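Here is what each chain is made of, one letter per residue.
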Amino acid sequence: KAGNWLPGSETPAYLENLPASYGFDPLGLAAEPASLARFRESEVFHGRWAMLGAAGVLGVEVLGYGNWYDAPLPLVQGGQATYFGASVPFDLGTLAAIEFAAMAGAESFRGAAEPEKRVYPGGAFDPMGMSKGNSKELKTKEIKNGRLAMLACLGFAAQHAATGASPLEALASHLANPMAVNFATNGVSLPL
Amino acid sequence: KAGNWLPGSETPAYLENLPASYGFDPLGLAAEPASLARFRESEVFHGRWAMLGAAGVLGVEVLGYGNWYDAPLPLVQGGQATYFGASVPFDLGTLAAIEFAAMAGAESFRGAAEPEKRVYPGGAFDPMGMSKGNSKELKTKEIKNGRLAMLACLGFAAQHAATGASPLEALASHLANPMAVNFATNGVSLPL
Amino acid sequence: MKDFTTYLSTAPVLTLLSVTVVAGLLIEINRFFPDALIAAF
Amino acid sequence: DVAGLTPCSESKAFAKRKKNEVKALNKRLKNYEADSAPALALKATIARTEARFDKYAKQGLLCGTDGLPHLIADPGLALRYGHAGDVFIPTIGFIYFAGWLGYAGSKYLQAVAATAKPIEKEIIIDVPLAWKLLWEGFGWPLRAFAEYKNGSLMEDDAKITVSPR
Amino acid sequence: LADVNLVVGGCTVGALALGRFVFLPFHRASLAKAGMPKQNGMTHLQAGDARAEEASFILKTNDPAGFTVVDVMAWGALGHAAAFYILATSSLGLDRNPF
Amino acid sequence: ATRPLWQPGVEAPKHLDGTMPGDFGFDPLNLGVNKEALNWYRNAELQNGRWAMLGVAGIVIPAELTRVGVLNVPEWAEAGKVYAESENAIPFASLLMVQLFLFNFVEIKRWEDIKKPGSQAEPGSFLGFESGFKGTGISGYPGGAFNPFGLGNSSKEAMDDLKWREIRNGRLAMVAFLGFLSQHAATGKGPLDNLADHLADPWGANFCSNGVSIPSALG
Ligand code: CLA
Ligand SMILES: CC1=C[C@H](O)CC(C)(C)[C@H]1/C=C/C(C)=C/C=C/C(C)=C/C=C/C=C(C)/C=C/C=C(C)/C=C/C1=C(C)C[C@H](O)CC1(C)C
Ligand SMILES: CC1=C[C@H](O)CC(C)(C)[C@H]1/C=C/C(C)=C/C=C/C(C)=C/C=C/C=C(C)/C=C/C=C(C)/C=C/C1=C(C)C[C@H](O)CC1(C)C
Ligand SMILES: CC1=C[C@H](O)CC(C)(C)[C@H]1/C=C/C(C)=C/C=C/C(C)=C/C=C/C=C(C)/C=C/C=C(C)/C=C/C1=C(C)C[C@H](O)CC1(C)C
Ligand SMILES: NCC(=O)NCC(=O)O
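Residues numbered from 1 in each chain as written, not as in the entry; some residues may be left out. Chains lettered and ligands numbered in written order. Part of a larger assembly, values for the part shown. Heavy atoms only, no water.

Asker: Where do I start with the site of ligand 4 in this structure?
Answerer: Residue and element names in this part refer to chain F. Not every one of the 14 residues close to ligand 4 is listed here, only the nearest: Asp27, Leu29, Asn48, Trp76 and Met174. Here an oxygen atom of ligand 4 and a side-chain polar atom of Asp27 are 2.7 Å apart. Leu29 places a main-chain nitrogen or oxygen 3.4 Å from an oxygen atom of ligand 4. Within the complex, the protein chains bury 55% of what would otherwise be the 1000 Å² of accessible surface of ligand 4. Elements with a contribution of two residues or more to the shell around ligand 4: helix 1 (35-68) and helix 4 (157-186). A total of five residues in the shell around ligand 4 trace back to one element, the largest contributor, which is helix 1. Taken together, the residues of the shell around ligand 4 break down into eleven nonpolar, two polar and one charged. (Near = heavy atom within 4 Å. Polar contact = N/O pair within 3.5 Å; in protein donor to acceptor, adjacent residues only side chain to side chain. Areas by Shrake-Rupley, 256 points an atom, 1.4 Å probe, with all protein chains shown as cover. Helix = DSSP H or I, 4+ residues; strand = E, 2+ residues; numbered from the N terminus. Nonpolar A, V, L, I, M, F, W, Y, C, P; charged D, E, K, R; others polar.)

Quick look at the structure:
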């Protein structure tokens with residue numbers, strides 16, 4: 001296990017050998033084997049997408065190209081989307097088309113495989129061969145970093161929907177005045 | 001079967017071995033064998049025709065040649081309808097006559113064939129030799145796409161009869177502000 | 001008494017009594033709430 | 001307005017009818033000392049007539065070419081025009097009370113059928129039982145729909161006697 | 001409203017060809033299913049209506065597909081009716097369009 | 001069986017045994033003689049009670065919190081129009097259709113529960129979530145994903161006790177909501193307004209003084 005979520009407790013029996021398992025299942029969602037066998041792959045994929053998303057949200061702002069929210073504004077407004085500074089002359093419809101074609105073929109190729117190959121495909125997805133050499137610890141690494149990134153992406157969306165600022169802008173506004181610039185101070189999150 | 005449209009329910013027994021069956025028959029319209037055979041043929045043929053129809057309705061508009069409703073108007077009140085931007089030198093009378101002759105020949109040849117060869121006649125209608133490698137699965141895909149396309153064509157008709165727009169225009173209008181321009185906002189669908 | 005109440009339960013008397021009660025009730029309702037053409041609530 | 005019928009509160013013929021009927025009663029008044037029993041009766045009648053004509057105008061009933069209130073008997077074309085109290089609401093009210101009486105009688109029949117002398121318990125009613133069932137009949141929509149969904153409301157025709165074709 | 005000759009001739013020839021080549025299998029199948037009319041289980045000929053005796057000039061033909069003269073006349077009648085629908089409708093010049 | 005009844009001295013009907021939670025032998029109209037109808041009525045009472053508890057909470061708690069000086073939300077009757085006049089307000093028809101479209105899915109799921117109380121737990125129904133719909137052997141008490149804290153999920157008789165508490169509170173809430181509706185129809189004031197009004201003059205300000213309860217024609 002390594003973890004107990006609630007320090008004292010009794011944890012679900014089916015959660016024991018999984019990578020980065022803390023017995024977190026008070027709802028009994030993965031009790032049957034098939035539900036858990038699907039939810040593991042769903043969580044890993046969710047974590048990878050989150051890690052990449054959080055990387056993008058930090059990178060689009062830390063380097064100096066704007067928010068993670070204003071990203072799609074130059075898509076309408078007449079036209080013209082910016083990527084590092086290029087024009088990428090591609091209207092809205094062709095973006096949806098090209099991305100739909102790419103994600104359809106990719107997601108229809110990665111899923112049509114066996115359950116283990118659906119989440120942990122060695123093949124060319126381990127070019128540096130770190131898939132071997134005791135991959136349980138590395139799987140724990142991946143899953144925990146993915147959980148952190150999921151919460152990070154959720155926080156990005158929520159703090160934008162509350163204060164309207166930006167990750168780095170919100171961080172700066174908090175660090176300047178930790179005292180009256182919290183979630184408790186904007187009259188959205190904490191109401192009382 | 002694979003599916004049950006009302007998960008916790010019991011399905012009719014005559015709907016099991018059929019491809020793309022979900023037990024969906026609340027009116028018992030297939031309670032008789034010969035009736036169900038005719039219905040199966042008619043469903044597949046309707047699916048094919050509606051796939052062609054939906055593809056045409058979308059491809060005349062995404063390619064940019066007017067919408068499906070105003071395509072036959074120029075033939076009346078003038079003449080020489082346009083295809084790909086060209087102009088056929090045919091009137092409504094000769095169009096109706098040529099279509100009647102050709103469709104009569106085609107559907108008279110189809111209708112005189114064997115029961116199964118009236119709906120799945122591979123022969124020269126499968127040049128790419130795809131009916132092999134267990135067509136059952138392929139039949140299910142064809143039926144489900146046909147069901148989707150049939151519902152889409154009926155949707156084209158009803159949406160144009162209610163709002164008077166065009167498929168992509170209605171799509172864009174709903175996407176712009178869904179919570180206030182769905183079907184519940186026009187004065188037709190909802191008698192309020 | 002028991003036979004008198006049995007007589008009061010006979011169809012000729014109980015029917016007439018119930019018609020009298022319902023008639024009186026409609027007459028009272030129309031006396032207090034007259035000229036009501038619609039169910040105005 | 002629902003079909004060329006202006007609200008009685010607007011129709012001039014409706015007010016004219018009010019006027020004429022009141023004027024007739026005034027002419028009947030002008031013969032008695034306004035403190036005698038006939039005079040009090042006439043004054044009460046006039047007050048009742050005025051109250052009725054004001055009540056009808058308040059509720060927005062529709063008057064025709066003549067000054068007489070009209071009613072609407074189509075749900076939807078009366079619900080989107082504020083005239084559901086004309087036929088639809090009294091429809092519900094009747095259907096309810098009629099069903100109440102019918103269900104009370106039906107259950108009384110089914111209760112006294114399973115007794116010693118069922119032909120006797122129809123001419124000499126059991127008043128406590130009749131009254132109990134009359135009280136239970138108020139929930140008749142619920143109980144009747146329960147018996148229909150149960151199949152115990154009706155009887156299969158294989159058990160009902162029929163004529164020789 | 002453009003040449004009675006062309007429209008009526010083309011329509012009639014097309015209808016003849018359509019009833020000889022295209023609709024003939026279904027026509028013959030339906031005719032074989034239906035059959036001669038029967039009263040009380042016997043044809044009108046067996047019952048004694050010797051005028052209901054089948055016309056002799058249709059039982060055997062010389063068309064390799066069995067296209068009799070009466071078939072020709074029925075299909076030509078349909079063709080002429082359709083052709084004159086075409087003519088009479090194109091001859092009018094009024095807005096019937098519900099738009 | 002020997003439990004307290006709605007009327008002490010009047011015996012309970014021989015169909016309202018003593019097993020259902022909230023059973024006080026109250027059934028003067030004999031609506032629940034049929035067993036299947038009794039199950040459907042039990043389930044209906046649960047739904048009405050739960051929705052009435054939610055509604056009466058969302059009526060009094062905002063009202064009392066407004067009274068003391070917080071949140072200053074309108075009174076429940078006009079709260080529909082107060083939102084409806086807002087700028088970016090969803091139109092009523094579209095809003096009602098959104099609500100009805102969501103509740104269609106949810107309530108047909110609960111319905112298929114009510115028929116066979118294990119209906120929605122068949123594998124392949126949802127996307128792995130179908131296990132949380134297994135039910136608890138009685139309709140109206142799903143458990144699983146519902147009841148996250150596992151309250152009463154221990155001693156059986158503990159669950160029986162909480163069931164009586166729930167049903168009593170729900171019955172109180174429905175009676176109170178009927179009270180709110182009838183009070184606002186009569187006196188165009190709020191619930192706490194009526195409460196603070198009655199305590200002022202209990203013999204003068206009541207239901208026999210608003211003039212809408214007792215018909216003015218009679219008096
Ligand atoms: C409670 C008794 C009862 C019940 C449940 C019914 C029910 C029914 N009757 Mg019926 N009927 C009854 C008594 C009853 N009737 C009596 C006493 C007579 C003799 C006058 C008739 C003569 C009669 C005829 C001629 C017809 C029906 C028909 C019908 C059916 C159509 C509904 C209708 O509108 O009928 C109409 C109702 C009446 C014409 C008169 C109703 C009599 C009173 C109002 C009810 C009696 C209540 C009872 C005396 C009180 C007992 C209460 C208890 C506490 C003691 C329906 C199933 C029609 C049918 O054929 O079905 C389609 C039909 O044509 N009935
Ligand atoms: C476990 C459990 C179990 C038990 O039994 C019960 C309970 C307790 C309930 C539970 C819980 C759970 C949870 C918590 C969940 C959550 C999740 C999440 C948050 C996800 C995220 C998720 C998220 C994610 C992926 C993310 C996404 C995003 C992304 C990618 C990004 C995008 C982008 C970018 C790049 C940039 C640009 O410029 C913008 C955009 C375009 C926008
Ligand atoms: C199954 C069942 C059974 C149970 O038991 C009961 C119930 C429930 C009743 C059921 C259901 C039903 C349903 C849903 C139905 C529907 C159908 C449809 C939608 C059809 C359509 C169908 C449809 C279709 C085919 C369509 C087709 C189309 C087309 C050709 C088109 C053409 C065109 C185009 C291209 C375009 C142009 O510009 C014009 C035109 C020329 C016009
Ligand atoms: C038991 C029995 C049996 C025997 O045998 C017979 C008899 C006697 C008949 C009986 C009795 C009965 C009764 C008493 C009943 C009653 C009921 C009720 C009241 C219900 C309610 C019920 C109620 C309910 C659900 C309610 C609900 C509510 C709600 C949602 C609310 C909502 C809302 C809110 C929040 C606020 C806003 O601003 C407005 C609104 C929107 C409005
Ligand atoms: N047989 C396909 C399958 O197992 N799919 C699982 C998923 O939805 O990821």
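Asker: Just checking my understanding: could you explain the packing of aromatic side chains for this structure?
Answerer: Two aromatic rings are characterised by how far apart their centres lie and by the angle between their planes. One pass over the full model with this rule turns up 27 aromatic pairs over all chains. Seen from their ring centres, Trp68 of chain B and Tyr69 of chain B are 5.7 Å apart, and the 90° between their planes marks the pair as edge-to-face. Measuring from ring centre to ring centre gives 6.5 Å for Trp76 of chain F and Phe177 of chain F, while their planes differ by 50°; the resulting arrangement is tilted. Note that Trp76 of chain F is positioned in the loop between helix 1 and helix 2 (79-84) and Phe177 of chain F in helix 4, a separation of 101 residues in sequence. Classification of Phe177 of chain F as partly exposed rests on a relative accessible area of 31%. The ring of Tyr120 of chain B is capped by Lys139 of chain B, whose NZ or CZ atom sits 3.6 Å from the centre of that ring. (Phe/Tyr/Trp six-rings, centres within 6.5 Å; stacked < 30°, edge-to-face > 60°. Buried < 20%, exposed > 50% of the residue type's maximum accessible area, 1.4 Å probe, protein only. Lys NZ or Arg CZ within 6 Å of the ring centre and 35° of its normal.)

Asker: Mind showing me how you'd approach the interface of chain D and chain C here?
Answerer: When the parts come together, some accessible area is lost, and that loss is often what is quoted as the size of the interface. At the interface, 15 residues of chain D touch twelve residues of chain C. Around 1100 Å² of area is buried between chain D and chain C when both sides are counted, 64% of it from carbon and sulfur atoms. Between the two partners, chain D and chain C, sit one salt bridge. In this structure, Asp35 of chain C and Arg52 of chain D form a salt bridge, with 2.2 Å as the shortest nitrogen-oxygen distance. Where chain D packs against chain C, one counts seven residue pairs in polar contact. Broken down by element, the side of chain D that touches chain C gets its largest block of residues, three residues, from helix 2 (residues 37-58) of chain D. Residues belonging to the side of chain D that touches chain C are distributed by class as follows: ten nonpolar, two polar and three charged. (Contact = heavy atoms within 4.5 Å. Buried area = accessible area lost by both parts, 1.4 Å probe. Salt bridge = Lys/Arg side-chain N within 4 Å of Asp/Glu carboxyl O.)

Asker: How should I be thinking about the interface of chain B and chain F in this particular structure?
Answerer: Contact residues are listed per partner, giving twelve residues for chain B and 13 residues for chain F. Summed over both partners, the interface of chain B with chain F comes to about 950 Å²; 69% of that surface belongs to carbon and sulfur atoms. On the chain B side of the interface with chain F, the three residues burying the most area are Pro7, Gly8 and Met179 of chain B, jointly 45% of the side's total. For the pair chain B and chain F, the interface holds zero salt bridges. Class assignment of the residues belonging to the side of chain B that touches chain F gives a composition of eight nonpolar, four polar and no charged.

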